[PDB]
Amino acid sequence: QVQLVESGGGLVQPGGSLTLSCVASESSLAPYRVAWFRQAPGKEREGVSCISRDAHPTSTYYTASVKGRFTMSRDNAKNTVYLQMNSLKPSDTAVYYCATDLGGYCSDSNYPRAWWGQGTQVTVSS
Amino acid sequence: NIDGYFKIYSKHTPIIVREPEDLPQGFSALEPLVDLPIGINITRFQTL
Amino acid sequence: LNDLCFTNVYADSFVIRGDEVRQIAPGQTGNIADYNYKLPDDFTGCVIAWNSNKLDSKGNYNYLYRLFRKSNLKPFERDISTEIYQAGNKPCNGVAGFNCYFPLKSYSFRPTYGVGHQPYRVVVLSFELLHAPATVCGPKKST
Amino acid sequence: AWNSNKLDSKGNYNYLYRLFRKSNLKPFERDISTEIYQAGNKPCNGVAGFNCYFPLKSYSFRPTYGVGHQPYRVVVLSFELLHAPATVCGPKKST
Amino acid sequence: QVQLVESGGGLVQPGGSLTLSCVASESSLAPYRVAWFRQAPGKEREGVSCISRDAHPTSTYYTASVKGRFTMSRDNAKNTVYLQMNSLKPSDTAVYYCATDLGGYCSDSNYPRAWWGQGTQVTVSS
């Protein structure tokens, strides 16, 4: 029943920075885990990063391609999770989605995939 | 007036002689009439 | 613990990696802790664990783990669930297909992992003092 | 609280709410000073002016805003317990 | 007395994205509302977006022409607000200004207009 809105993506130069906001409405994302996904054309949706209801780095997970570069932050007051963009590379060019479920804790291989947003387009080029 | 209460006692009786000098010698009991729960700090008294 | 007398201590047997035995503490979740085994908010007991590595190593999946559990469990319940995770709009009927993963995955029991999360079987008890009269009580000896 | 939008709404901008004022609220204060907010060095005397607007604004009693912004009757009653001789006590019954 | 600076505009293609910034100096914009204005030559200054001191969506106001495409976010430590453009149209080609006052909360038709920056030129053309 929850809908998500991804925003903040756009054209950036290599090594650039951004911040993706997954706006949640009609529901509260505080007791539920939130995950970030990206899907460039030609490849399947791939998990980027997952943040849990406790916002604990033990429960916060990043995939191999994004470790050390991408970062999240959630503020339950405004009901939206961030996706800090650092050292953006052309390989990161994809349509970035955010997903959530009734689960509240992420894992290295378990990301929420119940409800999806429309996604934001992130392009890293000249 | 005490502990946030205000009590009024009254009693009326006729008089025999118009002597205004002193109070006649007779026992009179003052029954409670009205009790108020206000908590005003009172220090002075004025008459109209 | 020997001197005090407990009441109706219940033991359970779990098989785990060993890297997250620390995280089975109340208020935080580990991989297996969020997967299969859960502990209460304030459990009344001690944790005991020996080195289950050399002897329990024979590839062995008879102790596999519930990777795809539908949701976080509730206090004091088992994990009798034996079907598949719900993620899409259509039923996952008909074995693995699009958007469904079977929770039956290798929990790293190969012989080459002699240093990798070897089995670290842990046993944990839960006691009760003063709740009911004690049955198992410590010794005094001396004749 | 209760619902009064059906009878109060017709809209009626008589119960206008203050939007421009000096600062935030302090306990046990009344907001009756209909004074225009001073957001600039130039005094605001002389009715409307740039960067100095009257606090009065429409607060949406129009029938278009039916489900939202329609008036809901809410009242808060202050209660003091064991401070003064109680004057309002509840019903007993029984004879 | 506060001065503002608008930057980030330039030559962008239709359908592109831009991110402006209204840098404030010598003063703090935290307890005050900030509004974005654009003025292409030939037409009067018009409102674009208005953020309040609380930065709340209820107190967040955008004009009809920019709803769903323009987004703001204020960083109080740096004392700056942005105007993130997504899917720019050629009609958006204008000189973008930011203005602030001593007020703290915007409305649908109440934008701060006291202290204006030099403005930035946002051009949407090939």
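Per-chain residue numbering starts at 1, and chain names A, B, C, D and E are given in the order in which the chains are listed.
The rule is simple: a residue touches a chain if its C-beta (ideal position, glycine included) is under 8 Å from a C-beta of that chain, and two chains touch if they have at least 3 such contacts.
Comparing chain C-alpha centroids with the centroid of the full set of protein C-alpha atoms picks out A as the closest.
Using CA-based centroids throughout, the chain positioned farthest away from chain D is C. Chain D and chain E have Cα centroids separated by 32 Å. Centres computed as Cα averages put chain A at a distance of 82 Å from chain B.
As a whole-number value, the distance joining the C-alpha centres of chain A and chain D reads 42 Å. Distance between chain centres (mean CA atoms), chain C to chain D: 58 Å.
Residue positions of chain C with contacts to 2 or more other chains are absent. If you draw each protein chain as a dot and join the dots that touch, you get a simple line with two loose ends. Contact between chains, using the touch rule, shows up for A-C, A-E, B-D, D-E. Within the complex, the chain E residues that touch chain D are 101-103, 105, 107, 110, 112-114.
Chain contact summary for the complex, chain A toward chain E: residues 7-11, 78. By the touch criterion given at the top, residues 16-17, 19, 56-57, 71, 84, 86 of chain E touch chain A in their complex. Within the complex formed with chain D, the residues of chain B that make contact are 4-5, 37-39.
Within the complex formed with chain B, the chain D residues making contact are 84-87.
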